[PDB]
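Below is one structure, written out as structure tokens; comments come after it.
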Amino acid sequence: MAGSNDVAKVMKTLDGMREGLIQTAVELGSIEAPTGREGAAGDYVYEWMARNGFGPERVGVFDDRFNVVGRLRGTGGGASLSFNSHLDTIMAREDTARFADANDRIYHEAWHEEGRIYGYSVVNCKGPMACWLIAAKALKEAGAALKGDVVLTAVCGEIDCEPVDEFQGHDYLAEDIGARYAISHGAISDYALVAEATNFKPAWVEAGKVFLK
Amino acid sequence: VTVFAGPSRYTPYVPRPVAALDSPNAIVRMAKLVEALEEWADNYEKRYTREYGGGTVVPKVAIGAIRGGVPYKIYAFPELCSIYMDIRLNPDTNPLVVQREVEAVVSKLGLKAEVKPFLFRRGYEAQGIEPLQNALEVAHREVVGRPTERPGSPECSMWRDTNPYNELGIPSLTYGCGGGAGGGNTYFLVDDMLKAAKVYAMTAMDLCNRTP
Ligand SMILES: N[C@@]1(O)CC=C([N+](=O)[O-])C=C1C(=O)O
Ligand SMILES: [Zn+2]
């Protein structure tokens with residue numbers, strides 16, 4: 001494994017998808033999606049998945065803050081693999097309390113230039129998301145032979161915001177309604193690759209946290 | 214007073230160890246500034262103490278509030294942090310002089326801060342108070358039995374609505390029963406209250422029968 005040169009066909013198919021890759025990343029990256037308002041980004045991904053025949057479902061605690069889960073169904077008898085990236089981004093309409101420069105173009109937009117794609121929302125995390133969205137599209141369209149399912153999981157509320165004191169509920173929740181919620185309500189698989197910007201370096205330990213008032 | 218620092222980092226990337234005044238975390242810098250301003254405040258009230266006919270003003274300073282970052286997003290420390298200072302002025306002190314003094318405390322620490330006034334009101338010594346002062350004195354000696362004592366400094370060094378009256382050319386003094394809430398006291402003797410009402414009524418019967 002993997003395959004024979006079933007691989008070669010898929011690699012060429014991906015070569016031919018370079019424009020889709022850039023387009024998806026720019027469009028996704030251009031959507032305003034600070035934690036608390038990921039809905040519009042979610043909708044984009046849902047429709048993208050629907051268009052491409054991945055039978056997406058919105059899986060969320062709130063109707064405007066939800067995870068999106070689709071699948072490329074395998075033929076049977078293989079391990080399933082989830083691809084996962086998050087829908088929310090860092091800087092809200094105005095985080096003047098955190099950052100002194102809470103409004104630069106790079107902080108709230110995304111665009112294709114040279115052979116680059118600019119924008120914090122691309123780095124974190126619409127770019128890696130576009131990557132496996134395209135990967136799945138290629139696998140599907142190349143007719144790749146897969147015994148196991150590929151599960152496509154775009155999650156809300158990855159960023160470390162949390163309710164506390166008088167700041168409660170819908171507007172301030174994050175991780176509790178994101179990935180763990182999506183998995184607990186059906187987005188399960190044998191393995192999961194979380195796509196984030198790591199410069200092609202794999203990690204498989206992470207920290208926990210305790211917040212103290 | 215808003216101290217600047219930064220750049221902000223996601224907690225797993227925060228640079229340590231850093232000296233407090235050099236902390237990229239504005240909160241940590243503000244902590245040093247708070248201490249220097251407390252030192253400044255101790256001396257400020259001494260330096261600007263001033264005796265008037267109407268009382269001795271001991272103008273005090275307190276830090277009444279602080280905020281930096283927001284509680285519901287604490288994964289990246291803030292690049293700015295603000296305190297809100299209550300600085301009393303004797304009647305002869307320009308607010309700008311005080312602003313400069315605070316700016317100097319900041320500068321000596323080598324910090325960058327914005328020092329912004331968001332409130333200024335003047336204090337006043339009454340002028341031409343004598344006819345009310347006298348009517349009151351006579352009433353007080355009669356009802357209470359002894360001459361009036363000069364007020365403690367705190368009660369001469371606060372906000373009271375004598376300021377707007379005096380500002381507008383209406384000589385005005387403050388007087389009543391009980392120790393002061395800011396102190397703070399928690400009850401009145403009914404007896405004292407009655408002495409106050411009688412002092413007030415007598416003051417009026419004197420003063421309002423004098424020709425203006
Ligand atoms: N001038 C005030 O009314 C305003 C506020 C308080 N206080 O901060 O307790 C006290 C006053 C007082 O001397 O009664
Ligand atoms: Zn991320």
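Protein chains in written order, with the entry's author numbering: chain D, 1 to 213; chain E, 214 to 425.
All C-beta atoms in this analysis are idealised placements derived from N, C-alpha and C, irrespective of residue type, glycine included.
Where residue i and residue j are concerned, what is the direct C-alpha to C-alpha distance, given to the nearest angstrom?
{"i": "residue 270 of chain E", "j": "residue 332 of chain E", "result": "20 angstroms"}
{"i": "residue 10 of chain D", "j": "residue 72 of chain D", "result": "15 angstroms"}
{"i": "residue 339 of chain E", "j": "residue 349 of chain E", "result": "15 angstroms"}
{"i": "residue 416 of chain E", "j": "residue 410 of chain E", "result": "10 angstroms"}
{"i": "residue 189 of chain D", "j": "residue 151 of chain D", "result": "7 angstroms"}
{"i": "residue 57 of chain D", "j": "residue 323 of chain E", "result": "56 angstroms"}
{"i": "residue 221 of chain E", "j": "residue 49 of chain D", "result": "36 angstroms"}
{"i": "residue 163 of chain D", "j": "residue 282 of chain E", "result": "14 angstroms"}
{"i": "residue 272 of chain E", "j": "residue 215 of chain E", "result": "23 angstroms"}
{"i": "residue 373 of chain E", "j": "residue 365 of chain E", "result": "14 angstroms"}
{"i": "residue 362 of chain E", "j": "residue 289 of chain E", "result": "57 angstroms"}
{"i": "residue 261 of chain E", "j": "residue 253 of chain E", "result": "12 angstroms"}
{"i": "residue 91 of chain D", "j": "residue 386 of chain E", "result": "54 angstroms"}
{"i": "residue 377 of chain E", "j": "residue 102 of chain D", "result": "42 angstroms"}
{"i": "residue 130 of chain D", "j": "residue 47 of chain D", "result": "14 angstroms"}
{"i": "residue 187 of chain D", "j": "residue 77 of chain D", "result": "18 angstroms"}
{"i": "residue 358 of chain E", "j": "residue 266 of chain E", "result": "23 angstroms"}
{"i": "residue 70 of chain D", "j": "residue 28 of chain D", "result": "17 angstroms"}
{"i": "residue 347 of chain E", "j": "residue 360 of chain E", "result": "11 angstroms"}
{"i": "residue 279 of chain E", "j": "residue 330 of chain E", "result": "15 angstroms"}
{"i": "residue 191 of chain D", "j": "residue 149 of chain D", "result": "11 angstroms"}
{"i": "residue 116 of chain D", "j": "residue 106 of chain D", "result": "13 angstroms"}
{"i": "residue 285 of chain E", "j": "residue 223 of chain E", "result": "15 angstroms"}
{"i": "residue 63 of chain D", "j": "residue 170 of chain D", "result": "10 angstroms"}
{"i": "residue 245 of chain E", "j": "residue 234 of chain E", "result": "7 angstroms"}
{"i": "residue 5 of chain D", "j": "residue 143 of chain D", "result": "12 angstroms"}
{"i": "residue 268 of chain E", "j": "residue 317 of chain E", "result": "30 angstroms"}
{"i": "residue 299 of chain E", "j": "residue 406 of chain E", "result": "32 angstroms"}
{"i": "residue 301 of chain E", "j": "residue 413 of chain E", "result": "29 angstroms"}
{"i": "residue 196 of chain D", "j": "residue 208 of chain D", "result": "18 angstroms"}
{"i": "residue 345 of chain E", "j": "residue 98 of chain D", "result": "55 angstroms"}
{"i": "residue 80 of chain D", "j": "residue 200 of chain D", "result": "22 angstroms"}
Exposed or buried, residue i, counting other C-beta atoms within 10 Å across all chains shown (16 or more means buried)?
{"i": "residue 418 of chain E", "result": "exposed"}
{"i": "residue 125 of chain D", "result": "buried"}
{"i": "residue 231 of chain E", "result": "exposed"}
{"i": "residue 399 of chain E", "result": "exposed"}
{"i": "residue 161 of chain D", "result": "buried"}
{"i": "residue 34 of chain D", "result": "buried"}
{"i": "residue 380 of chain E", "result": "exposed"}
{"i": "residue 65 of chain D", "result": "buried"}
{"i": "residue 67 of chain D", "result": "buried"}
{"i": "residue 291 of chain E", "result": "buried"}
{"i": "residue 383 of chain E", "result": "exposed"}
{"i": "residue 53 of chain D", "result": "exposed"}
{"i": "residue 404 of chain E", "result": "exposed"}
{"i": "residue 2 of chain D", "result": "exposed"}
{"i": "residue 320 of chain E", "result": "exposed"}
{"i": "residue 38 of chain D", "result": "buried"}
{"i": "residue 36 of chain D", "result": "buried"}
{"i": "residue 395 of chain E", "result": "exposed"}
According to DSSP, residue i sits in a beta bridge with which residue or residues?
{"i": "residue 265 of chain E", "result": "E/268"}
{"i": "residue 216 of chain E", "result": "E/294 and E/326"}
{"i": "residue 286 of chain E", "result": "E/283"}
{"i": "residue 348 of chain E", "result": "Beta-bridge pairing links residue 348 of chain E to no other residue."}
{"i": "residue 83 of chain D", "result": "D/152 and D/193"}
{"i": "residue 65 of chain D", "result": "D/62"}
{"i": "residue 123 of chain D", "result": "Residue 123 of chain D is not bridged to any residue."}
{"i": "residue 111 of chain D", "result": "D/118"}
{"i": "residue 71 of chain D", "result": "D/151"}
{"i": "residue 57 of chain D", "result": "D/69"}
{"i": "residue 401 of chain E", "result": "The partner list for residue 401 of chain E (beta bridge, DSSP) is empty, contrary to what the question assumes."}
{"i": "residue 342 of chain E", "result": "In the DSSP output, where bridge partners are listed per residue, residue 342 of chain E has none listed."}
{"i": "residue 34 of chain D", "result": "D/89"}
{"i": "residue 228 of chain D", "result": "With chain D covering only 1 through 213, there is no way to say anything about residue 228 of chain D."}
{"i": "residue 275 of chain E", "result": "E/299"}
Around ligand 2, what residues have a beta-carbon under 5 angstroms from a heavy atom of it, in chain order? D/124, D/125 and D/196
So, do the stretch 353 to 367 of chain E and the stretch 300 to 316 of chain E have three or more beta carbon pairs nearer to each other than 8 angstroms? no
Is there contact between the stretch 234 to 243 of chain E and the stretch 172 to 192 of chain D, where contact requires at least three CB pairs shorter than 8 angstroms? no
Mind the definition here: the stretch 109 to 117 of chain D touches the stretch 7 to 25 of chain D only if three or more C-beta pairs lie below 8 angstroms; say whether that holds. yes
Given 8 angstroms, three or more beta-carbon pairs between the stretch 12 to 19 of chain D and the stretch 134 to 152 of chain D: yes
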